[PDB]
J.: 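Handing you this structure, nothing more for now.
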Amino acid sequence: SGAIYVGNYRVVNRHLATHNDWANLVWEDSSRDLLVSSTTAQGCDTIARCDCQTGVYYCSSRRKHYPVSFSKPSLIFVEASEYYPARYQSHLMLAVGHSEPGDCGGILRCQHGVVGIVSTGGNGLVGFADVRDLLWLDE
Ligand SMILES: NC(=O)[C@H]1CCCN(C(=O)C(F)(F)c2cccc(F)c2Br)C1
Ligand SMILES: [Zn+2]
C-alpha cells in the first residue's frame with residue numbers, strides 16, 4: 001500500500017484503487033498501472049521534474065529505505081496476475097532490489113522529489129511506475 005498526495009490529487013496503483021478513488025476519478029491508465037483521484041484536503045509532496053537514474057525507495061516488507069540505480073522509463077513485459085493479463089506495462093523503471101507483493105505504493109525519490117511508486121517486482125528486481133512526465137499534477 002501507499003500513495004502520493006500532491007495538491008488536490010492522490011496517485012495510487014490502479015489495481016489497488018478504492019471505490020472512493022473511482023467515484024472521484026481524474027485520470028487512469030491500465031498500461032501504466034496508475035489512477036489519479038481528487039481530494040478535498042491539500043497535499044504537499046513535491047514531484048521531481050528530472051532524468052535522475054539513482055534514488056531511494058521505501059520497502060514495507062523490510063521496514064527500510066534502500067538506495068537504487070534504476071533504468072529509464074520504458075515498455076516492459078509483466079506476467080499475468082489476478083488484476084491484469086500478460087502485457088507490456090509502459091513508463092516502467094527497473095532496479096536490483098528487494099520487493100514482494102504488498103510493497104506496491106512505496107515511494108521512490110531522488111534529491112528533486114517524488115519519482116514514482118513500486119508497481120512490479122520479483123527475482124531480486126523491483127519495478128517503479130514513473131510519474132515525472134505528468135506535469136498537470138503541479139498545475
Ligand atoms: N503492475 C502489475 O501489473 C502488478 C500487479 C500485481 C501483481 N504484480 C506483481 O509484480 C507481484 F505482485 F506479483 C509482485 C511479485 C513479486 C514482487 C513484487 F514486488 C511484486 Br509487486 C504485477
Ligand atoms: Zn531527480
Side-chain angles (χ1 to χ4, degrees):
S1 55
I4 310 164
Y5 296 99
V6 53
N8 288 322
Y9 302 120
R10 159 170 140 106
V11 190
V12 279
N13 294 84
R14 190 196 187 270
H15 73 269
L16 293 184
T18 72
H19 289 271
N20 175 79
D21 281 325
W22 278 97
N24 295 307
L25 175 69
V26 170
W27 170 73
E28 56 73 35
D29 190 345
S30 298
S31 73
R32 298 175 66 157
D33 184 40
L34 290 179
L35 181 143
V36 175
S37 57
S38 57
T39 70
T40 64
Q42 208 78 28
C44 45
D45 279 311
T46 288
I47 309 295
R49 302 302 182 191
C50 74
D51 75 348
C52 280
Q53 279 182 250
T54 83
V56 182
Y57 84 101
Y58 178 67
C59 170
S60 70
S61 83
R62 291 284 186 275
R63 302 283 180 255
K64 264 175 177 120
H65 298 258
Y66 290 109
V68 281
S69 250
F70 58 89
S71 68
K72 288 198 138 62
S74 63
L75 266 180
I76 287 152
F77 191 74
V78 182
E79 265 256 45
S81 75
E82 48 184 14
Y83 309 103
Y84 302 111
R87 81 206 207 283
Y88 288 105
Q89 172 161 320
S90 60
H91 301 265
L92 187 66
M93 299 174 299
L94 301 186
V96 176
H98 182 73
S99 65
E100 45 178 273
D103 287 326
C104 285
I107 280 162
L108 172 72
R109 292 183 64 91
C110 62
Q111 69 196 115
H112 314 91
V114 173
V115 172
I117 53 151
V118 175
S119 176
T120 71
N123 294 316
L125 302 164
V126 51
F128 311 104
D130 185 58
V131 308
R132 310 176 270 186
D133 63 322
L134 312 176
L135 314 186
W136 52 269
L137 292 177
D138 280 324
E139 60 180 34

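Quick note: residue numbers are just sequence positions, from 1.
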J.: If you measure from OG1 on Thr40 to CG on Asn8, what distance do you get to the nearest 0.5 Å?
T.: 7.5 Å
J.: For atom CD of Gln42, decide whether the heavy atoms of other residues, nucleotides or ligands shown that lie under 6.0 angstrom number more than 12.
T.: yes
J.: Hey, what's the ring geometry for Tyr9 with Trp136, parallel, tilted or perpendicular (30° and 60° as the breaks)?
T.: perpendicular
J.: When you compare the side chain of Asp29 with that of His91, does any pair of heavy atoms fall below 4.5 Å?
T.: no
J.: Treating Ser99 as the side-chain partner and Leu125 as the backbone partner, does any N or O pair qualify as donor plus acceptor under 3.5 Å?
T.: yes
J.: Check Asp21 against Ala17 and note the closest heavy-atom contact, atom names and distance.
T.: OD2-CA, 3.6 Å
J.: Out of curiosity, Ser61 OG to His98 NE2, how far, rounded to the nearest 0.5 Å?
T.: 3.0 Å
J.: Could you state the interatomic distance from CZ (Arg14) to CH2 (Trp22), rounded to the nearest 0.5 Å?
T.: 4.0 Å
J.: Does any non-hydrogen side-chain atom of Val11 lie less than 4.5 Å from one of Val114?
T.: no
J.: Determine, step by step, whether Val68 and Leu108 satisfy the side-chain contact (heavy atoms from CB on, under 4.5 Å) criterion, reporting the C-alpha distance in whole Å, the side-chain angles of both residues, the deciding distance to 0.1 Å, and the verdict.
T.: CA-CA 9 Å; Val68 281; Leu108 172 72; 3.8 Å; yes
J.: If you group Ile, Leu, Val, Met, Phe, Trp and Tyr by side-chain heavy-atom gaps below 4.5 Å, do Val115 and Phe128 land in one group?
T.: yes
J.: Measuring only between side-chain heavy atoms, which start at C-beta, is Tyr84 closer than 4.5 Å to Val78?
T.: no
J.: Please find the pair of heavy atoms, one from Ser37 and one from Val26, that lie closest to each other, and give the distance.
T.: C-CG2, 4.2 Å
J.: For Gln53 and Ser71, indicate whether the former's side chain and the latter's backbone hold a donor-acceptor pair under 3.5 Å.
T.: no
J.: For the residue pair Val118 and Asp103, what are the closest heavy atoms and their distance?
T.: CB-O, 3.4 Å
J.: I'd like to know if the side chain of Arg109 reaches the main chain of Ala48, judged simply by a donor and an acceptor atom lying under 3.5 Å from each other, with no hydrogens or angles considered.
T.: no
J.: Could you tell me the separation between the OG1 atom of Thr46 and the CD1 atom of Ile4, rounded to the nearest 0.5 Å?
T.: 11.5 Å
J.: Any non-hydrogen side-chain atom of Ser81 less than 4.5 Å from a side-chain atom of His15?
T.: no
J.: Linking I/L/V/M/F/W/Y whenever any side-chain heavy atoms sit under 4.5 Å apart, do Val131 and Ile107 land together?
T.: yes
J.: Rounded at 0.5 Å granularity, tell me how far OH in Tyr5 sits from OG1 in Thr39.
T.: 8.5 Å
J.: With hydrophobic residues grouped by side-chain heavy-atom distances under 4.5 Å, do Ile117 and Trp27 end up in a single group?
T.: yes
J.: Measure the CZ-CG distance between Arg10 and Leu35 for me, rounded to the nearest 0.5 Å.
T.: 8.5 Å
J.: Give a yes or no answer on whether the side chain of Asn13 reaches the backbone of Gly105 with a donor-acceptor pair at less than 3.5 Å.
T.: yes
J.: According to a 4.5 Å side-chain heavy-atom criterion applied to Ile, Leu, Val, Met, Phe, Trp and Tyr, with indirect links allowed, do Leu34 and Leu137 form part of one hydrophobic cluster?
T.: yes
J.: Which atom names give the shortest non-hydrogen contact between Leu134 and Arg32, and what distance separates them?
T.: CD2-NH1, 3.6 Å
J.: Would you sort out whether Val126 and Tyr66 count as a side-chain contact (heavy atoms from CB on, under 4.5 Å), showing the intermediate values?
T.: CA-CA 11 Å; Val126 51; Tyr66 290 109; over 6 Å; no
J.: For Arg132 versus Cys50, what's the shortest heavy-atom pair and its separation?
T.: NH1-O, 3.2 Å
J.: Compute whether any side-chain donor of one residue and acceptor of the other, for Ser31 and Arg87, lie under 3.5 angstrom apart.
T.: no
J.: Mind listing the closest non-hydrogen atom pair of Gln89 and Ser119 along with its distance?
T.: NE2-OG, 3.0 Å
J.: Under a 4.5 Å side-chain heavy-atom rule over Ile, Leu, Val, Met, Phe, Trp and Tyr, are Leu25 and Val12 clustered together?
T.: yes
